[PDB]
Amino acid sequence: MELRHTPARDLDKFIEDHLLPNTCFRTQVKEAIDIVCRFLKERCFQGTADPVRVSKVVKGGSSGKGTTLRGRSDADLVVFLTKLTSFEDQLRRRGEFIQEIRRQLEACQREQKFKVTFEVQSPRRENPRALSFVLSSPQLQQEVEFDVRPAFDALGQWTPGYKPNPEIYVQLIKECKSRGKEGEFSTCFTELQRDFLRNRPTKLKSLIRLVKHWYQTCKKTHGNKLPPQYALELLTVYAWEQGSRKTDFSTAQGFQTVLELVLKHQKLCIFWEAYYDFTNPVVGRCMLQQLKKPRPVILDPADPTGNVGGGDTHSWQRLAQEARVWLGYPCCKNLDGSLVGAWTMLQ
RNA sequence: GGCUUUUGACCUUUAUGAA
RNA sequence: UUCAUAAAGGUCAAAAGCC
Ligand SMILES: Nc1ncnc2c1ncn2[C@@H]1O[C@H](COP(=O)(O)CP(=O)(O)OP(=O)(O)O)[C@@H](O)[C@H]1O
Ligand SMILES: [Mg+2]
Ligand SMILES: [Mg+2]
């Protein structure tokens with residue numbers, strides 16, 4: 001049964017039946033992650049005469065957040081290398097480490113330990129930001145898709161709960177404003193992005209799944225011309241924080257609220273102070289700049305240079321058209337045909 | 001009320017890499 | 001000691017499906 005035909009009272013059942021991970025899926029992925037992690041820690045750089053060390057492999061993305069879609073969520077890994085020493089460095093040397101990681105993976109395949117399938121993407125253009133591939137192992141019951149990124153460890157050993165030293169963002173902003181980049185180093189702060197969602201209430205994670213599924217369904221019609229998926233994820237968090245703040249709430253009202261916020265994209269200016277704030281003048285000046293951009297502005301809680309909004313109003317136009325149609329579906333409607341109603345946003 | 005799953009919190013333990 | 005990935009054991013909670 002398609003989401004498109006599911007009424008409001010069955011959305012939680014729909015999430016349960018199609019979207020939530022089952023035991024096998026999340027078990028096989030964690031096995032696949034283990035294979036790649038061991039490889040990176042025990043093999044991949046053991047050949048370098050000048051030792052390249054991996055300080056940590058961070059499981060990011062939906063996998064680290066607990067918002068994965070069953071049988072559809074990739075594994076996102078950020079591998080932190082001791083020899084990348086700064087944002088400048090990561091930006092210039094990321095290409096090398098990718099290629100090298102590719103070679104060693106090949107040399108493992110050649111050995112019959114597992115099988116990897118990459119996908120050439122042309123034109124190559126700017127250095128690659130990631131290495132993507134599919135993994136297959138006699139060990140595993142299924143294949144898992146991967147996304148691997150090398151990164152400079154800006155945070156050091158970071159403990160969830162603490163705001164990162166502002167001087168780290170001072171430095172971030174300095175390089176970004178000099179090289180004309182914005183949001184290019186969000187991977188270094190993956191752990192903050194993971195922390196922003198990991199501890200949220202269970203049903204909120206479930207709604208995020210639903211919104212993600214709706215968004216993927218939209219992509220069938222619009223390909224890659226939509227705003228970034230992360231924008232919608234953050235938009236869902238914003239909806240809950242201003243309209244509920246409760247562990248229990250109606251999924252349909254949540255769904256409707258999000259769809260309505262999409263239609264109001266020309267008024268969206270959303271940001272958080274979970275990891276930075278206006279205290280430090282430099283960080284403060286950069287936040288303020290971002291909030292003066294054309295709407296919608298959705299500021300990455302982990303990255304003050306990062307407007308997840310995407311800066312492309314055609315994308316939001318397209319997404320808004322779909323939001324208009326989906327508001328006529330049984331998804332947000334009661335039994336009598338009336339809409340369940342959206343939450344109302346605190347200041 | 002009963003059965004179970006998913007997602008987190010806290011306290012232990014094992015392997016691997018790193019500071 | 002701490003950080004990361006996987007596994008194991010104990011305890012607590014949230015939400016969901018089913019009866
Ligand atoms: N536009 C963006 N700006 C900043 N960070 C982003 C971003 N897009 C993605 N990210 C970060 O990189 C992670 C991996 O992205 P994706 O794999 O593309 C989606 P996901 O969040 O993993 O869910 P999904 O893979 O289950 O669909 C995201 O969770 C987010 O933390
Ligand atoms: Mg992902
Ligand atoms: Mg990914």
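In the text below, chain A, chain B and the rest are named by the order of the sequence lines, each starting its count at 1. Hydrogens, waters and symmetry mates are skipped; everything else that's a heavy atom, side chains included, is used.
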(request) Measure the SG-CG distance between A:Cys188 and A:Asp303 for me, rounded to the nearest 0.5 Å. (result) 9.0 Å

(request) Return the residues of residues 11-50 of chain A meeting this criterion: a heavy atom under 4.0 Å from some atom of RNA chain C. Order them by number, or give none. (result) A:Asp12, A:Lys13, A:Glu16, A:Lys30, A:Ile33, A:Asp34, A:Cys37, A:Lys41

(request) For A:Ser55 and for A:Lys59, locate the closest nucleotide of RNA chain C by heavy-atom distance; then report the residue assigned to the nucleotide nearer the 5' terminus. (result) A:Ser55

(message) Does A:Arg198 reach a base, just sugar-phosphate, or nothing at all? Heavy atoms under 4.0 Å.
(response) sugar-phosphate

(request) Using a cut-off of strictly less than 4.0 Å between a heavy atom of the residue and any atom of RNA chain C, enumerate the qualifying residues of residues 145-168 of chain A by number. (result) A:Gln157, A:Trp158

(request) Report yes or no: is there a donor-acceptor pair, N or O only, under 3.5 Å between the side chain of A:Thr202 and the base of C:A14? (result) yes

(message) According to side-chain contact (heavy atoms from CB on, under 4.5 Å), who are the partners of A:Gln142, at least two apart in sequence or on a separate chain?
(response) none

(request) Return the value, rounded to whole Å, for the distance between atom CZ of A:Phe80 and atom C1' of B:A19. (result) 14 Å

(message) Which residues in residues 241-252 of chain A have a heavy atom closer than 4.0 Å to any atom of RNA chain C?
(response) A:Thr247, A:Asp248

(request) To the nearest Å, give me how far apart CD (A:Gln193) and P (C:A4) are. (result) 16 Å

(message) What is the distance, to the nearest angstrom, from the CZ atom on A:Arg200 to the P atom on B:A9?
(response) 13 Å

(request) Not counting sequence neighbours, list each pair that qualifies as a ring-ring contact (aromatic ring centres under 6.0 Å, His included) and has a residue in residues 140-163 of chain A. (result) A:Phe87-A:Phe152, A:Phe133-A:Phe146

(message) Suppose we screen for side-chain contact (heavy atoms from CB on, under 4.5 Å). Which residues come up paired with A:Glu106, at least two apart in sequence or across chains?
(response) A:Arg102, A:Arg103, A:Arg110, A:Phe118

(message) Between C1' on C:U5 and CZ on A:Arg53, what's the gap in Å once rounded to a whole number?
(response) 19 Å

